[PDB]
Amino acid sequence: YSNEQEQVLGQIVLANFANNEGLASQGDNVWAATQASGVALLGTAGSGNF
Amino acid sequence: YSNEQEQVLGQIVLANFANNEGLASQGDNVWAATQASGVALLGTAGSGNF
Amino acid sequence: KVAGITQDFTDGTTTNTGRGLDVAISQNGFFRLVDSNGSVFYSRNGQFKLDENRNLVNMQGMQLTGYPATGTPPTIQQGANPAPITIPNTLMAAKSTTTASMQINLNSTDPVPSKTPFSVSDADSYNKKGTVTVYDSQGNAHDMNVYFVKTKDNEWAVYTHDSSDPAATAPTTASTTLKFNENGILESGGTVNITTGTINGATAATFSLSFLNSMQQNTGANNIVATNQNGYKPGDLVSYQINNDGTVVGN
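Residues numbered from 1 in each chain as written, not as in the entry; some residues may be left out. Chains lettered and ligands numbered in written order. Part of a larger assembly, values for the part shown. Heavy atoms only, no water.

For this deposition, the record names cryo-EM as the technique by which the model was determined and cites 4.1 Å as its resolution.

Here is the structure:
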């Protein structure tokens, strides 16, 4: 912006599952978390396995 | 520079593999070291096999 | 007439797949599976996937078994019972340097008479400044600075110095000495147990630094041609891979 800078608005969160592979297909291109998938692990792009 | 000289800033390091040939293709034109490639050997331009 | 049903186990084909742990098998052999109720079964069902429990299963749903791994790095107990194969997503602990190697090639005609002081800076007092990175008990990196000082033909004085910590005071004493024969072959001073220095309570490991097969020869520049840091830092499970020998490994 006009005040001569960049500011952080937010950080997109990425999710990995134990199995990715196991997700329940929905909508448009939407997946629901499942027991098969396990619980999603959150992180950021370029961190861990994201 | 203005003080009438040349000074060393650094030395670019070059890497050779056992196999060069075996590297894992990535990004833009980036390769990852692999077991097939073996471990990179470091050196300078005009030295050894660099 | 009466009938007797049989099944002919000829090999199939292999099918250019690439998702999951699509492990095919040639010739004879069955995968050993275990049903959750403690029952052993056999199958050629090459389709395997990791479930939410970090277990390899088919679909079906039965557990793929194999030999357990133990030690650090893990080793395969072939004589052990066919345990269920699991793949944890938890971290590789750092492993202190235990030993280290350092293959050195020195120019036979490179003396140091210009100076005698050290303090990791008096260039004239040495011929080679090499640094080996080592790990302490928390994996904290340390700077094993090594100085090679030609005192004479076939005798080089060695000074050591951990520049990653304040504890590494001016390395003005001959940590060791190397002896070579007339052919430039390292005859003595093979290895020295050298401290790593310390950080955040992590102990100063110490490790056996070997100069095995180092040589003093007419040609070349004082150099380092392969060195090894026997240990690790922390690790995160990037990927899964299966070798054709049935080993399951973590990258």
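A. Layout of the overall build of chain C. A tally of helices and strands in chain C yields zero helices and 20 strands. Against the compact-globule benchmark of 18 Å for 251 residues, chain C has a radius of gyration of 28 Å, which places it well outside the compact range. Principal axes of the C-alpha set define a box for chain C whose edges measure 105 × 45 × 30 Å. Taken over 251 residues, chain C has a buried fraction of 35%. (Helix = DSSP H or I, 4+ residues; strand = E, 2+ residues; numbered from the N terminus. Rg over C-alpha atoms; globule rule 2.2 N^0.38 Å. Buried < 20%, exposed > 50% of the residue type's maximum accessible area, 1.4 Å probe, protein only.)

B. Summary view of the interface of chain A and chain C. The partner chain C presents nine residues to the eight residues of chain A that form the contact. When the buried area of chain A at its contact with chain C is split by residue, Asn19(A), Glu21(A) and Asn49(A) rank highest and sum to 61% of it. Between the two partners, chain A and chain C, sit zero salt bridges. For the interface between chain A and chain C, the tally reads four residue pairs in polar contact. Looking at the side of chain A that touches chain C, its residues break down into two nonpolar, five polar and one charged. (Contact = heavy atoms within 4.5 Å. Buried area = accessible area lost by both parts, 1.4 Å probe. Salt bridge = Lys/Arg side-chain N within 4 Å of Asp/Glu carboxyl O. Polar contact = N/O pair within 3.5 Å; in protein donor to acceptor, adjacent residues only side chain to side chain. Nonpolar A, V, L, I, M, F, W, Y, C, P; charged D, E, K, R; others polar.)

C. Representation of the environment of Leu56(C) within the structure. Residues and elements named next belong to chain C. Following the sequence through the fold, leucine 56 ends up in strand β4 (residues 56-57). Residue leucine 56 is classed as buried on the basis of its relative accessible area, which comes to 1%. Between the C-alpha atom of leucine 56 and that of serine 210, which follows or precedes it by 154 residues, the distance is 42 Å. Setting aside residues up to four positions removed in sequence, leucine 56 forms contacts with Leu21, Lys49, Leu50, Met62, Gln63, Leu64, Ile85 and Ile87.

D. Representation of the nonpolar core in the model. Residues and elements named next belong to chain C. In this structure, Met102, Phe148, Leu178, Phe207, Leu209 and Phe211 are the most contacted members of the largest nonpolar core, which totals 19 residues. Breaking this core down by element, the ones donating at least two residues are β9 (99-107), β10 (128-135), β11 (141-152), β12 (155-162), β13 (176-180), β15 (191-194) and β16 (207-210). Among the elements that take part in this core, β9 stands out by supplying four residues, more than any other. Each residue touching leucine 178, except ones within four places of it in the same chain, is listed here: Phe148, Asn154, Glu155, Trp156, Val158, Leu186, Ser188, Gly189 and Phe211. (Core = buried A, V, L, I, M, F, W, Y, C linked by side-chain atoms within 4.5 Å.)

E. Summary view of the pattern of salt bridges. Residues and elements named next belong to chain C. If you walk through the whole model with that rule in mind, you get four salt bridges over all chains. The residue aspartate 124 makes a salt bridge to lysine 115 at a minimum N-O spacing of 2.9 Å. What makes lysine 115 partly exposed here is its relative accessible area of 39%. For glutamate 155, the salt bridge identified is with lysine 179, shortest N-O distance 2.9 Å. With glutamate 155 in strand β12 and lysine 179 in strand β13, this pair connects stretches of sequence that are 24 residues apart. Residue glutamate 155 is classed as buried on the basis of its relative accessible area of 18%. Looking at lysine 179, the relative accessible area reads 29%, which means it is partly exposed. The network of salt bridges with common partners includes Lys152, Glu155 and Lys179.

F. Region of the structure containing the packing of aromatic side chains. Residue and element names in this part refer to chain C. By the definition in use, this model includes five aromatic pairs over all chains. Judged by centre distance (5.0 Å) and plane angle (75 degrees), the ring pair of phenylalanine 31 and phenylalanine 48 falls under edge-to-face. Residue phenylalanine 31 is located in strand β1 (residues 31-35), and its partner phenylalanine 48 is located in the loop between β2 (39-43) and β3 (49-50); the two are separated by 17 residues in the primary sequence. Of the two residues examined, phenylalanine 31 and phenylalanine 48, each falls in the buried class. Ring centres of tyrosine 126 and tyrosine 147 lie 5.0 Å apart, and the angle between their planes is 70 degrees; on these two criteria the pair is classed as edge-to-face. Note that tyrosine 126 is positioned in the loop between β9 and β10 and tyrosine 147 in strand β11, a separation of 21 residues in sequence. (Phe/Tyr/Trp six-rings, centres within 6.5 Å; stacked < 30°, edge-to-face > 60°.)

G. The arrangement of the arrangement of the chains in detail. There is a clear gap between chain A and chain B: no contact, and 13 Å between their nearest C-alpha atoms. At their nearest point, the C-alpha atoms of chain B and chain C are still 8 Å apart, with no contact between the two.

H. Main features of the pairing of β2(C). Two strands pair when backbone bridges link them, and β1(C) and β2(C) are joined in this way by five bridges, in the antiparallel orientation. Counterpart to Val34(C) in the pairing with β2(C) is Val40(C). (Pairing = 2+ DSSP bridges.)

I. The arrangement of unusual backbone geometry in detail. A cis geometry characterises the amide bond from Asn20(A) onward to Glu21(A), with omega recorded as 0 degrees. The residue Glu21(A) is located in the loop between β1 (14-16) and β2 (24-26) in this model. Despite not being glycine, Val120(C) shows a phi value in the positive range, around 45 degrees. The residue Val120(C) is located in the loop between β9 and β10 in this model. For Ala226(C), which is not a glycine, the phi torsion comes out positive at approximately 85 degrees.

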